[PDB]
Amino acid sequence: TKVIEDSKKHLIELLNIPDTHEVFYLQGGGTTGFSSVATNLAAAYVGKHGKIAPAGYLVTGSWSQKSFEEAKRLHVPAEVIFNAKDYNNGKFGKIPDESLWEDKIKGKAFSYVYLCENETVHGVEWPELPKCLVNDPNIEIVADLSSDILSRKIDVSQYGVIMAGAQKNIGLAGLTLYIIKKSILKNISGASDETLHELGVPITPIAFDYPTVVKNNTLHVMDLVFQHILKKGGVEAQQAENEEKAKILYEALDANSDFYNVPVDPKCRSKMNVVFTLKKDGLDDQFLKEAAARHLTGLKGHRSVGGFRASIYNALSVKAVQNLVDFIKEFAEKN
């Protein structure tokens, strides 16, 4: 019982979570993440100050977008600061430069700004925390590090709340991690009645009222994973290896630029999710089966955007990536 306490200890270790933030887990792993973070962080604003302000969404891909549209559905005050789709013809793939939107943010008050660090379906990963949000002290950052939580050294002090579960519209199944500021929780409490109620701020169900979740306290499963990443260098190690894994993969595709298309702009190329397509779309299944033959599986793009997507994880070996690099390079010179 309460191996929770140990896993939490592991997390505050590998991430160096400061005393200013608290770790809590939530049954949900997906959609549950959006709704609960929007309603709770709206209420945290109403606590700290006395009024409501809109929430800011940086839409860099599918998950970003869904997150915003759910804050819209719930009638949480929120606005799309930008939609990367609008800056390269309705398709994701770029992350507009700060200057083109940073002033939509500076000086204005926000309940929080949301972003999705790694956009799994489209292979858009933020190169950096936008510096315009970092320098503003009255903008709380909500980040979804769903893909990179244990593979990208981040500074937990800069974040209002960190979310990591999956990036799948699964049910209530799975778990979402949370690392939230204690400032925020105190302020979620310090607000009710007319304040939240005449302002129209939607009330979060108590099942998901963040302060009540920490007060109410099959999960050894992750405490195990936390332990293997520990010792083996921690997050910084796993980052450096995932980075290396991707460098090799991308070079193979860039090299045979005659044969493949990498549709995501290099600046925001995801290291966990590599997305590419064949210029001759009549050889996809030939590609899929030859790869099947080589025990290199899990490459068909999600059945929406199509094409191909090679996912990199902490458990993957550099030599297993190099096996795929070998096939990619061989298939292009073959055709």
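In case it trips you up, residue 1 is the first one in the sequence shown, and so on.
Might you work out how many residues are unmodelled in the deposited sequence between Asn217 and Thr218, and answer none, 1 to 3, 4 to 9, or 10 or more? 4 to 9 residues are missing.
Averaged over C-alpha atoms, is the B-factor higher for 187 to 195 or for 123 to 131 in this PDB entry? Mean C-alpha B-factor is greater for 187 to 195.
Residue range whose averaged C-alpha B-factor is higher in the record, 90 to 98 or 197 to 205: Per the PDB record, 197 to 205.
Looking at the C-alpha B-factor values in the deposited entry, which of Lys153, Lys85, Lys247, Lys231 comes out highest? That would be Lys231, according to the entry.
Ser111, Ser257, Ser147, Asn169, ranked by C-alpha B-factor: the highest one: Checking the PDB record, the top C-alpha B-factor among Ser111, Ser257, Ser147, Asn169 is at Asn169.
Ranking every modelled residue in this chain by its Cα temperature factor as given in the entry, which third contains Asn273? Bottom third by C-alpha B-factor.
For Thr212, return the chain-relative third of its C-alpha B-factor as stated in the PDB record: lowest, middle or highest. It belongs to the highest third of the chain when residues are ordered by C-alpha B-factor.
Relative to the other modelled residues of the same chain, rank the CA B-factor of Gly33 and answer lowest, middle or highest third. For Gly33, whose C-alpha B-factor we compare with every modelled residue in the chain, the answer is the middle third.
Tell me, lowest, middle or highest third: where does the Cα B factor of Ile52 rank within its chain? Answer is middle: the recorded C-alpha B-factor places it there.
Relative to the other modelled residues of the same chain, rank the CA B-factor of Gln227 and answer lowest, middle or highest third. Highest third.
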